[PDB]
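These notes are about the structure you will find just below.
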Amino acid sequence: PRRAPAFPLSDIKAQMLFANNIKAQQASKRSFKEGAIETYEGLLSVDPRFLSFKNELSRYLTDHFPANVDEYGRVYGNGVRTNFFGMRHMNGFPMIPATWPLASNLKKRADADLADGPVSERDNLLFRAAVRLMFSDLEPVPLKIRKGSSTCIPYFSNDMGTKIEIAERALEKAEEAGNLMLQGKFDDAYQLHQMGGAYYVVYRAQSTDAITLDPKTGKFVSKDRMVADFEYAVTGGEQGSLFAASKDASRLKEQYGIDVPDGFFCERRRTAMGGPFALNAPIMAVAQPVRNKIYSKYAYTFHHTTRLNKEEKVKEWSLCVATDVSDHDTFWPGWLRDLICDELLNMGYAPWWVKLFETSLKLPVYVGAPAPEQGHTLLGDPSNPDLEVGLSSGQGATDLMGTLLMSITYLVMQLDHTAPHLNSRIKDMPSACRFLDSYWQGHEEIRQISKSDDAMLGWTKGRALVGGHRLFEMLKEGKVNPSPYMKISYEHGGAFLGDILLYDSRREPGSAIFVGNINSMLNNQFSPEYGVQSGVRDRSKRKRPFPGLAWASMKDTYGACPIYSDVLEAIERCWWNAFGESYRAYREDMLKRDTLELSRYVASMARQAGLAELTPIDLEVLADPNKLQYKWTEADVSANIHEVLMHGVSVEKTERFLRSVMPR
Ligand SMILES: Nc1ncnc2c1ncn2[C@@H]1O[C@H](COP(=O)(O)OP(=O)(O)OP(=O)(O)O)[C@@H](O)[C@H]1O
Ligand SMILES: [Mg+2]
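Residue numbers are given in PDB author numbering: position 31 of the sequence shown equals residue 31, and the series is strictly consecutive.
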């Protein structure tokens with residue numbers, strides 16, 4: 001029932017994905033690599049003192065601050081949702097092997113008893129209404145490009161000058177390329193305009209993942225992570241096997257001479273995909289104005305900033321349900337890509353642009369190195385894009401695709417289980433749009449706050465409130481899936497975008513507060529995803545440009561966690577035991593150094609200006625810009641800080657492009 005075509009690097013089809021230059025060639029061939037990260041400047045993740053510190057700290061904090069999560073997954077008391085053993089990894093050393101990406105999720109979705117299209121006409125209207133609302137009255141903005149990002153297939157350029165040239169040219173030739181694809185001339189669109197080819201698969205690490213301590217044995221147990229072998233990936237699970245990867249870190253002593261303390265493991269590795277920049281540029285040109293619209297007009301549902309910004313919305317609710325989605329991106333339905341495209345066409349969007357958009361979501365995938373002596377294979381034929389990989393992480397609009405799917409999925413779940421009396425308001429397209437526009441503004445008795453897979457669903461006083469409690473009960477029971485579209489459950493310790501919803505004795509949203517997650521502080525400070533990259537001179541290009549700055553925003557971010565002071569004192573005590581130094585002092589020096597270094601990057605900042613003008617968001621982002629990709633958006637960051645991390649193509653170029661795409 002269709003195995004995906006697979007080509008070795010040797011094959012012309014794979015060869016054609018990599019330009020005749022060194023970076024691109026090296027990317028094609030890059031062998032499985034592993035090794036300790038430079039956690040902080042001059043400190044390795046596998047430093048014995050550092051692992052001793054992690055052993056003492058994880059044990060102490062779990063001991064003294066056991067999880068306070070009720071029967072309904074509501075966090076109370078100390079604001080703790082699990083043990084602190086997730087820090088116990090040999091950062092920079094992955095679990096083996098990493099998964100081969102599934103070329104088609106069709107069987108997987110079907111076997112999970114998920115819908116192959118909208119179930120009812122109402123759902124069809126709602127998904128189409130989401131498209132109408134999201135893509136309608138768009139205002140052109142400059143095409144902003146993250147500094148240090150790669151152009152991936154085929155050039156693998158990291159130079160901003162080159163990236164701007166690529167982007168400008170892509171906006172000029174997108175029409176020509178889209179038209180070629182309409183004529184089924186994919187190789188021509190790729191050859192001429194580098195629009196097509198494949199996604200480039202990279203494996204990134206999830207630095208902290210589940211670990212438990214067996215009381216019987218006193219031995220630690222790492223969470224098993226299932227991986228697909230090559231056969232399973234190409235057949236969409238029809239053949240091949242799905243098995244647990246190995247997180248055993250014993251191998252590091254024999255291979256590298258690294259002493260592995262007991263209860264320390266290899267890191268979980270997640271697949272990431274980098275899009276062909278020329279194809280992403282025209283998509284992003286539309287996706288950015290879409291974000292602006294939804295974060296402004298539909299700010300209630302979509303625009304999330306501080307813990308208090310969230311609290312203001314949730315306090316008004318009589319019931320708050322924090323939901324959880326089962327591997328969201330991989331399960332994302334291709335029928336939705338087709339629906340979206342169909343509706344954009346009906347809206348009057350340029351068919352050539354829609355084709356580029358459609359194509360971006362059917363593209364082949366080049367697998368790098370999932371394990372030693374494995375990989376270097378192209379899955380799918382770029383001559384006729386037809387993969388069903390779910391949602392690709394490097395697609396120009398992924399966040400919008402996940403947000404669109406999920407927002408409607410949760411609304412449908414609220415309609416089906418709690419608000420049948422609202423069904424009458426969704427009769428046709430104009431009524432579906434009117435209803436959704438109101439729902440998204442927080443104007444109905446059923447409400448939600450979401451960002452892709454993360455969400456909190458609300459009920460005010462009314463007819464639906466009782467249904468809301470029955471739904472919550474269904475979720476607690478966990479025997480029936482409340483959605484036909486995705487596998488939904490309730491979150492064990494409800495949190496929204498890294499803020500824990502801290503309930504009191506009343507267990508009511510009105511009495512509840514959003515607090516920073518202290519575990520996420522520990523994740524960020526001791527288990528960074530990347531090393532310091534002290535090699536990379538231009539700090540704005542690094543994965544962690546100014547690590548030291550995080551110390552300055554810490555109290556604002558984490559200060560409201562009940563155990564904040566206790567944790568910081570525990571850190572100090574444990575760091576003294578391990579290094580014979582003050583952690584606080586160490587961080588203050590790093591903060592001073594990074595504050596001084598920052599002034600070199602900020603035009604407004606005098607030779608020693610001081611963090612005066614900077615917000616806590618600005619600081620958290622400069623220490624970790626990945627937070628700008630999942631927790632915040634561009635508009636949440638100060639003007640001067642934005643310019644450190646991004647650069648844009650003029651609004652004059654985009655404005656002309658946008659006019660040619662959009663209806664009338
Ligand atoms: N630097 C980070 N620290 C913690 N969580 C992150 C970080 N970066 C991304 N995440 C998000 O956390 C995920 C794990 O699943 P889920 O969406 O419940 O997040 P989480 O445990 O709520 O994250 P956080 O630790 O910020 O609360 C990934 O899907 C990822 O997008
Ligand atoms: Mg969360």
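Beta carbons: idealized from backbone N, C-alpha and C, even for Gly.
Of the candidates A419, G334 and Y490, the residue whose Cα lies closest to the Cα of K461 is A419. Residue nearest to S58 within the set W352, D386 and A570 is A570 (criterion: CA-CA distance). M429: not part of any beta strand (DSSP E); member of the alpha helix (DSSP H) spanning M429 to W440, first to last residue.
Under DSSP, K144 forms a beta bridge with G648. For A174, the shortest separation between its Cβ and any heavy atom of ligand 1 does not lie below 8 Å. In the structure shown, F65 falls within a coil segment according to DSSP collapsed to helix, strand and coil.
The Cβ atoms of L378 and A198 sit closer than 9 Å to each other.
With contacts defined as CB atoms closer than 9 Å, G184 and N55 fail to qualify as a contacting pair. With 7 Å as the limit, the residues whose C-beta approaches any heavy atom of ligand 2 more closely are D454, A495, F496, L497 and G498, in sequence along the chain. For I211, the closest of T217, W332, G535 and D224 by C-alpha to C-alpha distance is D224.
Nearest C-alpha to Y72 among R81, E655 and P545: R81. Here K107 really is in contact with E238; their C-beta atoms are around 6 Å apart, less than 8 Å. Distances from the CA of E41 to each of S534, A24, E613 and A603 were compared; the closest alpha carbon is that of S534.
Distances taken from the Cβ of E56 to the heavy atoms of ligand 1 include none shorter than 8 Å.
Three or more Cβ pairs closer than 8 Å define a contact, and the segment 386 to 401 meets that threshold against the segment 283 to 297. Ligand 1 has a heavy atom closer than 8 Å to the beta-carbon of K631. Residue pairing of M226 in beta bridges, as defined by DSSP: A244. By the neighbour-count criterion, in which 16 or more other beta carbons inside 10 Å mark a residue as buried, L192 falls on the exposed side. Each residue's CA atom was taken as its position, placing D123 and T409 some 9 Å apart. Leaving aside the five residues that flank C152 on each side, the residues in its chain whose CB is nearer than 7 Å to its CB run, in chain order, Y200, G274, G275, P276 and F277. Here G178 is not near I563, since their CB atoms are 9 Å or more apart. The Cβ-Cβ distance between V567 and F65 falls below 9 Å.
For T403 and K253, the gap between their C-alpha atoms comes out near 44 Å. Selection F302, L422 and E373 evaluated against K631 yields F302 as nearest (Cα-Cα). By the neighbour-count criterion, in which 16 or more other beta carbons inside 10 Å mark a residue as buried, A585 falls on the exposed side. In the three-state DSSP reduction, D159 falls in the coil class, being neither helix nor strand.
In this structure, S438 has its CB at a distance of at least 8 Å from all heavy atoms of ligand 1. Excluding residues up to 5 positions away in sequence, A4, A103, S104, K362, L363, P364, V365, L379 and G380 lie with their Cβ nearer than 8 Å to the Cβ of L387 in the same chain. Cβ-Cβ distances below 8 Å link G263 to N55, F85, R88, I211, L213, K219 and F220 in the same chain, with the five nearest sequence neighbours on each side left out; the list follows chain order.
In this structure, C574 keeps its C-beta atom at 9 Å or more from the C-beta atom of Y190. Beta-bridge partners assigned by DSSP to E388: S104. With at least 16 other beta carbons inside 10 angstroms of its own, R337 counts as buried.
DSSP, read as helix, strand or coil, puts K216 in coil. For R269, the enclosing beta strand (DSSP E) begins and ends at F265 to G274.
The straight-line gap separating the alpha-carbon atoms of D556 and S527 is approximately 21 Å. In terms of Cα proximity to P547, the closest of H328, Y349 and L622 is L622.
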